[PDB]
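Novice: Attaching a single structure in structure tokens format; questions to follow.
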Amino acid sequence: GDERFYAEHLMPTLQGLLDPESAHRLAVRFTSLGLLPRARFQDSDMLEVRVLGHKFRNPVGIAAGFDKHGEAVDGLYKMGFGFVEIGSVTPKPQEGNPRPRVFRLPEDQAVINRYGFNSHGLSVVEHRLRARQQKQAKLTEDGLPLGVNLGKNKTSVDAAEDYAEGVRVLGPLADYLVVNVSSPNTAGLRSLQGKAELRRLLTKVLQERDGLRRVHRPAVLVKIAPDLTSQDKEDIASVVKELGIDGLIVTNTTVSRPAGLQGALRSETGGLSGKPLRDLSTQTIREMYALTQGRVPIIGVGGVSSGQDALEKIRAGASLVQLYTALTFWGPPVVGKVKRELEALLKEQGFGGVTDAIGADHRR
Ligand SMILES: Cc1cc2nc3c(=O)[nH]c(=O)nc-3n(C[C@H](O)[C@H](O)[C@H](O)COP(=O)(O)O)c2cc1C
Ligand SMILES: COC(=O)/C(C#N)=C1\SCC(=O)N1c1ccc(-c2ccc(OC)cc2)cc1F
Ligand SMILES: O=C(O)c1cc(=O)[nH]c(=O)[nH]1
């Protein structure tokens, strides 16, 4: 499946015919049925990473939001992702915001979304993952782990209890869990990144996680915004260390609108993803790595659409990367593209593998 054909004919046509939410629903459907380009790239040993208690056959994952309800996991591995993250999942089903709630900014290679945690809920996702639980166990053992990203319901009183319920229900079924406190589309949610709120929330999450039988006990990561103050970042790093949080996902979408955006839809409310987020996210990785002394694994995400973009985040401190918005524009071939370019650049820059490149900018 040609990189050129998808980039220059297929994705532009689908974009010309369908609004972005319809296009995404069709993509989830096709992916869930395995109707994808092959994909030929075979992962070399230079791309394997060991982190979070697992082997990852390659460091390129699908970011949360694409497969919100765990419907397409196997088709995402078939696409060539080293790991798959589903969600965000909320405790109770909820519809999210009214449509339209997602917008393309093609001149910016960006998207703005305001889905507001549309979710089938924990029970539905639980059963969906349970139907393939041993298939995933084998995938995980073969180097293809599964992450589950947890959110909170719009009308929930007690946010921490929403996250605890998620840990209890889906934790067993996940190699890692993500406490998503950085959606910009749920009122008040990002205030959970504040020191006191985060410590209270994560103490409860970790207690529930530690209460799970050893074989079912996932790593716990916290996904953070790209819009944090210095004080916020220092506070997060402190809490992450005080509690022994397994890792950080850096970053969610931005509420900022960087100067220079050209898309007609630039002033729509929501989080902005894609190329204009890229270096903001990279910078946030760099800072969090330094504040955590390189001892806390980071999954780097925001604006990755090439091997260079991947390597930049790796060298800034990410152990793994994810992408979401690049797919919208370039389609499935972009996965093998990132990986082939990443391997080439690692060789060019004198790294024996991804592992050797993690945090390399900090040792220069
Ligand atoms: C349409 C859309 C929906 C998303 N929904 C979620 C979500 O449910 N949970 C989450 O943690 N992040 C979500 N994200 C954020 C992505 O996981 C990722 O952090 C962000 O888009 C940056 O990566 P990208 O520039 O490669 O898209 C969403 C992103 C987009 C574009
Ligand atoms: C008419 O629609 C199609 O032919 C589509 C679609 N959609 C086809 S034909 C063969 C094929 O790979 N697709 C296809 C295109 C995009 C995507 C896709 C788009 C966005 C994604 O976000 C991460 C992930 C996958 C998935 C697909 F499975
Ligand atoms: O609106 C959502 O559901 C969603 C959007 C997004 O950009 N990030 C997130 O965590 N949730």
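These residue numbers are counts, starting from 1, taken along the chain as shown.
How was it done? The header gives X-ray crystallography, 1.8 Å.
Quick reminder: no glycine exception, Cβ is built from N, Cα and C everywhere.
Heads up, here are the entries from Swiss-Prot:
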type	residues	note
BINDING	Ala64, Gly65, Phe66, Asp67, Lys68, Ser88, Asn149, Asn180, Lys223, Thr251, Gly274, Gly303, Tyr324, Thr325	FMN binding site
BINDING	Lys68, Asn113, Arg114, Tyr115, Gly116, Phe117, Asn180, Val181, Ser182, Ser183, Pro184, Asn185, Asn252, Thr253	substrate binding site
ACT_SITE	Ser183	active site, nucleophile
Novice: Near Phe66 (FMN binding site), which residues of its own chain have a C-beta under 8 A away, given they sit six or more steps off in sequence?
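Specialist: Within the chain, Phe66 (FMN binding site) has Cβ neighbours under 8 Å at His24, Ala27, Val28, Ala72, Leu76, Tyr324, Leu327.
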Novice: Per the record, substrate is bound by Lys68, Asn113, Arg114, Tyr115, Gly116, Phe117, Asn180, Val181, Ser182, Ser183, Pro184, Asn185, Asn252, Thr253: how many Å separate the farthest pair of Cα atoms?
Specialist: 16
Novice: Should we count any of the recorded positions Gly116, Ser183, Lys223 as near ligand 3, judged by a CB under 6 A from one of its atoms, and which?
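Specialist: Near ligand 3, sequence order: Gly116, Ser183.
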Novice: Nearest of the binding-site residues to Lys223 (FMN binding site) by CA-CA distance, picking from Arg114, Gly116, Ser182, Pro184?
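Specialist: Checking each of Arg114, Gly116, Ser182, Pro184 against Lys223 (FMN binding site), the shortest Cα distance is to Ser182.
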Novice: Report, as a single number, how many Cβ atoms besides its own are within 10 Å of the Cβ of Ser182 (substrate binding site).
Specialist: 25
Novice: Near ligand 1, which of the binding-site residues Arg114, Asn149, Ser182 are found, taking a Cβ distance under 6 A to any of its atoms?
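Specialist: The qualifying binding-site residues are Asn149.
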Novice: Let me check the 10 A CB neighbour count of the residue listed as 'active site, nucleophile'. How many other CB atoms are there?
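Specialist: By my count, 24.
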Novice: Of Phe66, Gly116, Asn149, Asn180, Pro184, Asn252, listed as binding-site residues, which ones have a Cβ less than 6 Å away from ligand 2?
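Specialist: So the answer is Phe66.
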Novice: With the FMN site defined by the record as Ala64, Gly65, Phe66, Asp67, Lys68, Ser88, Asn149, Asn180, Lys223, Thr251, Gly274, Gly303, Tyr324, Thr325, how many Å span the farthest pair of C-alpha atoms?
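Specialist: For the residues that bind FMN, the greatest Cα distance is 20 Å.
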Novice: Using Cα-Cα distances with a 10 Å cut-off, which of the binding-site residues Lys68, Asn149, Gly274 are near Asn252 (substrate binding site)?
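Specialist: The binding-site residues close to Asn252 (substrate binding site) (Cα within 10 Å) - there are none.
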Novice: Return only the integer: C-alpha distance in Å from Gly274 (FMN binding site) to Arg114 (substrate binding site).
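Specialist: It is 15 Å, counting Cα to Cα.
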